[PDB]
């Protein structure tokens, strides 16, 4: 990610596909980009970094038998 | 599937080397040695009413490097004297370098931004100096480079 | 590599001497005796759109020196009387000096900025006087000075 | 298979020598003479959600060395006087050495951390002094060394 | 173990294989490391030291005729 | 020893260094007389030319092709056979002909401008060079010119410009030479041969299976893609013998010796990943030009073909002569070598301190940990070895190791002091080679779907 | 285990008594064996391995 | 200079301890219960100042697989010949050390590129250590 | 001798596979090795980047360790 940050900064291309597969929940498949690099801290224990990745669309889509009931809840 | 060890060596805090002006810093605090943070977001996003999305890069790479030292450490005197020396002569910039043990590194120019408060109490006190950095881009020092030309798409 | 002792002597809080007007202060609080903080950052940074960076020094050295005393200490009366004496006569400045045991020191002019609140309860109360300082530059009193001409670069 | 004697000589408690400042300590308690314990774990472990494991070494080698003496022993006076001498003059460190009879040894710097409580009763009392140690790494004094280059793997 | 502790501290390599063979019970075979050195006490009788050794995976595996019945208990 | 400057800098313009990689050194059995040794190791074509090798010569072409791969090695082994003469065949058509010939450290480039006439003109031109005549010889015949060196002189002939072949003849047979070559050095893995007669290829294939080496050959034959009934090519010859050798058809295999490209796409590839050769690109090779039926025939004969798709070039199917994928063979060889090396390294270290291993139940079981270290675990980490529970057969893929007990060892082995019957099991992973998709398009309004909301039942209840 | 056997006086010949030397003390030992050679039998599977035998008895 | 410094200051430290120990009475005696204190006496002064100031090296060597830790050995009473008990002089005390080294000369290798650098190899495998082929 | 002099016989440790500085790897082929083995003429192989004595058999065929 660190190298890709500078590569995009120089060349000018920042977009790249992003995909998430849920185990027993919703999923996601859209385009995204790196928004902010997390802070780095060195200490007694192993540190952690929380990268932030943007998403063009943040609509969580299902991957289940759902679809036969969406035409039932409809009213009014 | 079996659990995998993320590294062969062990993250050793003593292996992290900080070079300010060409000398190694010593006498660090207890919990955290250094913290590096960017001042501004990398990329901004403009969202239109219709849904069109456009983004613009950010060229502000200034950052802040916190540095924790015990009040008994000798490096407190060096920084204190350099503060007044720069104030009088007018030269404030000096090289800054950080070597990671099993992580990213940093090598840029920096300056002293704020002197930490001093407190005397029952136990030994702590001072958290703030050092500015011209560019806060953490660079790798690993085998990375052969895969950056693979993730590329679209 | 072996662990090193950062000092030969031991940090003794009793060795920290505070001289306000030429007399030693006594009757301090439990946890913290004095805290010194700068009001403003040392150096400001201006970042342009293109990425150019320029900095300007700050000449505001005013600071605040917190001072904790037990409400039973006799020095509460001295400061209280001096407050009204200065209010009437118009002279508020008086020398301030701090001697560190194994750390930095301070020697400047100061004044009383705010009187702490008073509270009576089951246990002995505490009062945290605030003393201003004309300059809040912590100066060293060590062998430092032979290395300040070494860190210099660029 | 036949039972094997783990040693040729016999573990003799009198052969354990404690040298604090260059003098042998005498007049120990009944059950236990000395206990050495590390303050913190040697290696920490960070476990991720996916199962990745990473570890970081610990550089805190400070430890505590319990020391039990009869309240009638003369060494109680020596330590008591040294406590005040160090408190006044400010020097607290002194060498510490332990020689094992059929076990590990120790040789580092130490200091008095806490004075044990004193109790007078029907029988002779006991005092358990606590002596700090800069490094609590128990070192061997045996033929060990030719096999450490054998266990190594991975 | 004492010498290996300092050797690993200096060189930086802490991992080493660990294996346990049971007599009439389960076994274990994984990677491990020294986590904490036990306290040392000298007294009238011979002392004891309880070393703590970490293990990457703590799954006790069998070494018996087990395996023909695991496909029987399965239900639901 | 003495340095005149505290700090010195060598400014090299343009050039760059390259890191040191681990690899398997290939061996190319060429025929020549440039050095006395049976086998030598080179690190660059510059060293080979410095040894009197003519530019464009077979060994030079092989080396320059090998060093250009994405996984190219950093050393190349060159064998040596006897040499009787060499040929420059102009059969075909050709405007300017250039032939690079080096004779006893003397380098010259003869030039010339129907094949028989070109051959005669070249032969006459060769004799014009007094240096060549004194130390070398040339004669014309038909469409080819035969050149021979005078006994105390070494001649090397290599391609320049134009269309022609370069064929070297030697009395030494490969079967007789290889046993001597292996004696000097066994430190090489790939096997290649310059001679392209059927007998030489068969001999090399037989030798490789016995001495645990991988054989590669490019056939340049046209019967390679003849109709399936025409079992007359070398590819079909090897099938009958059930031999293993990665053979592929090509057009420049006898002017460039394209084995170098394959080796460079195979040398620095670790078998532990199970990384097949399916789509690996190789510089130097030329796309196969036949039609669909020819490709089908070639596949039926196990002759791999280089094909160009979507602008690039790609190998295909990586199959061997016997039908087994080359990937599996490489993995098996890797396991066979490294399990043995690990066990021997542990045993030697254990016996170098005294306390050598003894045949008892209290010491044997450590072999389990010894083997679970090195191959059995690196393979799992890199994905080559499969693990987990199978849901179809209801079986587990976990690697297993078994060691016999002392009571089960026959008395004879305790005298021979050799243990037997150690068993290990493994499950190999698989790459993906082909994919088939089923798309669908809708034009009008799609018909309304069934509105059943029940959880779909598994199977019909009616059963007796 | 090692074995040691010593004769009694009744079994000592007259000439041995005269020469004052004892014969026929017998000892017996066993010896360990360092490991020299080792052989392995690996096996690789490419497709899905088939189900194993499900006879979950105690093997006779 | 380092050798002379060690030679002088080890002797001065030992003599200073011995004189202070014999100036109060209770002079040192040749027995296993009092000799070992020389280990601490010597580990104070030179052997530790040298480590703190960087003159003396410590740690584990990765090449030879040896440690640089300073070592001190003291003989036991049972090993002292009877003659020395009359001469009242002890011998055979052994110490070991490893000296550090400064940097004197440096050599650099630079490189310059003019055209477009050629595309690098795109291998993503973890580089293997050594060839497997060995018998 | 230097690879065996200080070895304690009571461990029953084996001369096989030990490293002996000064000697050089044997350069014969496989059949030459087999012949030398048939004669009980121990050799000094070089494998996997090092060297190693082999089997330390005596002239009469008995292992040197038992002797």
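Below, the figures for the structure above:
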read-out	value
Value of [θ]222 nm, deg cm²/dmol, for chain C, DSSP H segments ≥ 4, -39500 (n - 2.57) each, nearest 500	-3000 deg cm²/dmol
Computed [θ] at 222 nm, helices only, for chain E once each DSSP H run of length n ≥ 4 contributes -39500 (n - 2.57)	-4000 deg cm²/dmol
Pairwise FRET efficiency - residue F:392 versus residue A:29, Cβ, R0 = 22 Å, nearest 0.05	0.15
Anisotropy class of region B:17-130 from Cα gyration tensor, a/c 1.5 cut	prolate
Hydrodynamic radius of the protein assembly as shown per Kirkwood, over alpha carbon pairs, in Å	40.3 Å
Gyration tensor (alpha-carbon) shape descriptor, chain F, a/c threshold 1.5	oblate
Highest-first arrangement of C:49-56, F:390-397, where packing means the average Cβ count within 10 Å	F:390-397, C:49-56
Cβ-Cβ FRET estimate between residue B:134 and residue I:19, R0 fixed at 41 Å, reported to 0.05	0.15
Nearest 10 degrees, 0 to 90: helix B:75-89 Cα axis against chain B principal axis	80 degrees
Segments C:73-81, F:441-449, E:63-71 sorted - mean Cβ within 10 Å per residue, highest first	C:73-81, E:63-71, F:441-449
Per-residue Cβ neighbour rank within 10 angstrom, fewest leading, F:67, H:15	H:15, F:67
Relative exposure of G:47, F:200, judged by other C-beta atoms within 10 Å (fewest first)	G:47, F:200
Average beta-carbon neighbours from other chains, 10 Å sphere, peptide A:29-40	5
Residue-averaged beta-carbon neighbours from other chains (10 angstrom radius) around B:40-48	4
Segment residue F:117-residue F:437, extension gain: residue separation times 0.36 nm, minus the distance between their alpha carbons	109.4 nm
Distance (nanometres) between label positions extended 7 Å along Cα→Cβ at residue F:413 and residue D:80	7.5 nm
Crossing angle, helix A:2-11 versus chain A [Cα axis fit, 0-90 degrees, rounded to tens]	90 degrees
D:5, F:263, F:376, C:112 arranged by Cβ crowding within 10 Å, fewest neighbours leading	D:5, C:112, F:376, F:263
Region F:301-351 versus region A:1-17: alpha-carbon centroid distance in Å	37 Å
Prolate/oblate/rounded call for region F:270-326, Cα gyration tensor, a/c under 1.5 rounded	oblate
Cβ-derived FRET efficiency at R0 60 Å, residue F:197 paired with residue I:6, nearest 0.05	0.50
Other protein chain Cβ atoms within 10 Å, averaged over every residue that makes up D:102-112	3
P(r) histogram, all alpha-carbon pairs of chain G included - 5 Å bins from 0, percent	4, 9, 10, 7, 7, 8, 7, 7, 6, 5, 6, 6, 5, 5, 5, 3, 1
Residue H:63 versus residue A:55: modelled label distance in nm, points set 7 Å from Cα along the beta carbon direction	5.5 nm
Helix-only CD estimate at 222 nm, as mean residue ellipticity for chain I, using -39500 (n - 2.57) per DSSP H run (n ≥ 4)	-4000 deg cm²/dmol
Region B:55-92 versus region B:93-154: alpha-carbon centroid distance in Å	12 Å
Sorted peptide list for C:113-122, C:88-97, F:32-41, criterion being average Cβ within 10 angstrom, highest first	F:32-41, C:88-97, C:113-122
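Here Cβ is always computed from backbone atoms with ideal geometry, including for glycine, and neighbour counts include all displayed protein chains. Laboratory data are not the source of any read-out in this text; all were calculated from the coordinates shown.
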